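Reviewing the structure listed below.
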Amino acid sequence: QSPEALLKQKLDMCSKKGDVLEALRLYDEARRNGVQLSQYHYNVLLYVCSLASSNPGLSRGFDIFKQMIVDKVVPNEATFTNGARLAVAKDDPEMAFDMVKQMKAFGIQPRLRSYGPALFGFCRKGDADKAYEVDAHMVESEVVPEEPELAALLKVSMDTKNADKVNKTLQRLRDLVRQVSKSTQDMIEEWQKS
RNA sequence: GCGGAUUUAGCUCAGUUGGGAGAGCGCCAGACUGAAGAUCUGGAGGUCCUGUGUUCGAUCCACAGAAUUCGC
């Protein structure tokens, strides 16, 4: 059995269990012995570093990120997605938005889960103008949102007293999801009677 | 036309709360035997039907299509 295969199996259990420390240790042990690190290994690595709840692997996540580009292993879509999760954990939604701008330069098509960290991060910060900048990027990427993303765009426009954006974000909300969750449903009728 | 079931090795089929899937038979070799069956050991053998998705990761989860099949 190859040491590169042995590394993947035990890295798999790290992501299954959440063992950030064993993932970080297995990676340095694999790097000391010159084990070839795959794109699969790096993304499982950046995944456990991006898990949120304080994290030890939060600061290491970018050290590992810088190592794969200098190792010149080709990134995936999950690479910049998990990289964007790292950026928003350090309270930098602009960087998470910069990660989804880089993937398009590599010919990588973003998915809905790629815009999550930047969109939700900009909405928590309150900056609606940057939230719309993310949403505009999605519609140009032909990535259609769903209720968590649309309700986030809904609230931030209500929080900034932006009645026009509330109306046409609600429009798309009415064509995309038919059964709206209770949390978002109450949010809409509170603003409609206000 | 409608609804359900099935799709995994050359054949019959397992396996399931997701992290390189096996069995039985067959095929080839070993072993054994004068020789052969049998018994036993090993090996080769896969687009896990197709597309789109969810996921860090899909044979397994979602949707659609195709084929097979049962009832209307």
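Every number in this note's numbering is 421 more than the matching position in the first sequence, counting from 1.
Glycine is no exception: its CB is placed at the ideal position from the N, C-alpha and C atoms.
Legend entry - Entirely enclosed alpha helix (DSSP H) segments - the stretch 512–538, minimum 4 residues: As for any alpha helix (DSSP H) of minimum length 4 sitting wholly inside the stretch 512–538, the runs are 514–526, ordered along the chain.
Legend entry - Assigned secondary structure, residue 545 (DSSP; H/G/I helix, E/B strand, else coil): Here residue 545 carries a helix assignment [DSSP, helix/strand/coil].
Inset, instruction - Excluding the 5 residues preceding and the 5 following residue 471 in the sequence, name in chain order all residues of the same chain whose CB lies nearer than 6 Å to its CB. - result: Only 503, 506, 507 meet the Cβ criterion.
Inset, instruction - Go to residue 487, then tell me how far its alpha helix (DSSP H) extends in each direction, as first and last residue. - result: Where residue 487 is concerned, the enclosing alpha helix (DSSP H) stretches over 478–491.
Legend entry - Beta-carbon proximity of residue 466 to residue 444, cut-off 8 Å: Result yes, Cβ atoms of residue 466 and residue 444 sit closer than 8 Å.
Inset, instruction - Can you tell me the Cβ-Cβ gap for residue 478 and residue 509, rounded? I've got them flagged as a contact below 8 Å. - result: Not really, about 15 Å apart at Cβ, beyond 8 Å.
Legend entry - Residue from 481, 581, 446 whose Cα sits closest to the Cα of residue 547: Closest by alpha carbon: 581.
Inset, instruction - Please check the pair residue 432 and residue 447, which I expect to be a contact at CB under 8 Å, by giving their CB distance rounded to whole angstroms. - result: The C-beta distance from residue 432 to residue 447 rounds to 6 Å, short enough to fall under 8 Å.
Inset, instruction - For the alpha helix (DSSP H) containing residue 496, list its first residue and its last residue. - result: Careful: residue 496 lies outside any alpha helix (DSSP H) and carries neither H nor E.
Inset, instruction - Decide if the stretch 527–540 is in contact with the stretch 551–568; the criterion is three or more beta carbon pairs, one per stretch, under 8 Å apart. - result: Touching, yes.
Inset, instruction - Check residue 440 in the structure and name its three-state DSSP category. - result: Under the three-state reduction of DSSP output, residue 440 falls in the coil class, being neither helix nor strand.
Inset, instruction - Return the CA-CA distance between residue 577 and residue 476, expressed in angstroms with no decimal places. - result: Near 28 Å, if we compare the C-alpha coordinates of residue 476 and residue 577.
Inset, instruction - Could you check what DSSP says for residue 504 in three-state terms: helix, strand or coil? - result: Residue state, collapsed to three classes: helix.
Inset, instruction - Check each candidate in 587, 482, 605 and name the one with the smallest Cα separation from residue 441. - result: Relative to residue 441, the option among 587, 482, 605 whose CA is nearest is 482.
Inset, instruction - Please classify residue 464: is it buried, with 16 or more other beta-carbons within 10 angstroms of its beta-carbon, or exposed? - result: Counting Cβ neighbours within 10 Å, residue 464 comes out buried, since at least 16 surround it.
Legend entry - Among 611, 573, 513, 422, nearest to residue 594 - alpha-carbon criterion: Nearest of 611, 573, 513, 422 to residue 594, Cα basis: 573.
Inset, instruction - Write down the C-beta distance between residue 567 and residue 601 rounded to the nearest angstrom, noting that I regard them as a contact closer than 8 Å. - result: The Cβ separation is near 11 Å, so there is no contact.
Inset, instruction - Using beta-carbon positions only, say whether residue 486 and residue 535 come within less than 8 Å of one another. - result: In this structure, residue 535 does not lie closer than 8 Å to residue 486 by Cβ.
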